[PDB]
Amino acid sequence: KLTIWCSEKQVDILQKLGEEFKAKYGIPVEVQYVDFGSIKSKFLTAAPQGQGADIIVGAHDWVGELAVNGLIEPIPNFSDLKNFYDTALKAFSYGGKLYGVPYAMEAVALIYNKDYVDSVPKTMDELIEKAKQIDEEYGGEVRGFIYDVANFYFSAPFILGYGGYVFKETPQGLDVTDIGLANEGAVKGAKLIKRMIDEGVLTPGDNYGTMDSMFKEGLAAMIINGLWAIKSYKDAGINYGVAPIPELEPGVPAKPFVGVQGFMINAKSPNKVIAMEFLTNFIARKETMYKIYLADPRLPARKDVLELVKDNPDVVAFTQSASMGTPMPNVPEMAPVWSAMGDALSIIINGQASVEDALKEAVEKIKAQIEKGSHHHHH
């Protein structure tokens, strides 16, 4: 029996494809929902005990940490590999080896409810003004702007757009001792975020679940989210539009993270050979990748599938947002970055310290975690 862990977004289609796989190969497939924010942590505790799924579905930033711990299996060259975008294959590659089969690329964008927003704001200043206007006009019941503010993933577009960076790119690879998350640019982005809080357009209690449900109920005019949520908004009957996050200044764009979603094989699994057939000879096929898109419409990682859907206005709008972005690091040292920067944004939006101090603290904590090998797990 082949077991798969994935988020709610992929469960239905992967269970369906699982029954196709069982029909053609005689091997039952059991897909199990795991909340996305728990997949890597669950896998880290489970896989070494022989209790991890055979295949996990998730983000490419996990690759380095999982690979250096011996928990995911290298993917040997296979016929269909030539059909995937280099950016997608590079995202799932670490130290010269491929460590997953990608199905999609993604980035956040401004998603807006056309019942409240008649044109895309031209700059972040215009967005803030428009949000204030909506907050006043509909009496509080409709949020002008809301997003998962304390999550570094979602606030990165601002922090990185102004010049912050996670690790410095060098000819020898990312330099994990050179961290750019408390530099001039980083501070400047985080101040814009604290400003949005100060002017009351965002609140310290803003989070993903509230944003997501408020948008689906027709009571959020503008949010920051990715392609993984658009099906839910469409199914909910929201007349939404999508654009890149408005420039932070005239001529100066936001810089979201780019993510790649993919399938990874548990190196400790007794079913690695059938899992390899599943990923390379079944899932990676043009027909199958297209069915995945229809169920979970992120930017396909197979070029010949993206070709089928390249005119879709969401694909167009998200591609433009991604075009201005940068891939998340996948090195093992990415592991501690999210919690450090999350803690720092929480401190900042709650007025518990200054921007420059909270970020300086964040970088210090990351460096301390890297120095102590937090990304290394044992027995």
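A residue's number is simply how far along the shown sequence it sits, counting from 1.
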{"property": "Residue range whose averaged C-alpha B-factor is higher in the record, 340-348 or 30-38", "result": "340-348"}
{"property": "Higher-scoring stretch by recorded Cα B factor average, 220-228 or 73-81", "result": "73-81"}
{"property": "Selection by C-alpha B-factor (highest) of 150, 187, 104, 89", "result": "187"}
{"property": "Chain thirds of CA B-factor: placement of residue 260", "result": "lowest"}
{"property": "Cα B factor band for residue 130 (lowest, middle or highest third within the chain)", "result": "highest"}
{"property": "Residue 356 - Cα temperature factor, lowest/middle/highest third of chain", "result": "highest"}
{"property": "Residue 365, C-alpha B-factor rank within chain (lowest, middle or highest third)", "result": "highest"}
{"property": "B-factor third for the C-alpha atom of residue 166 within its chain", "result": "middle"}
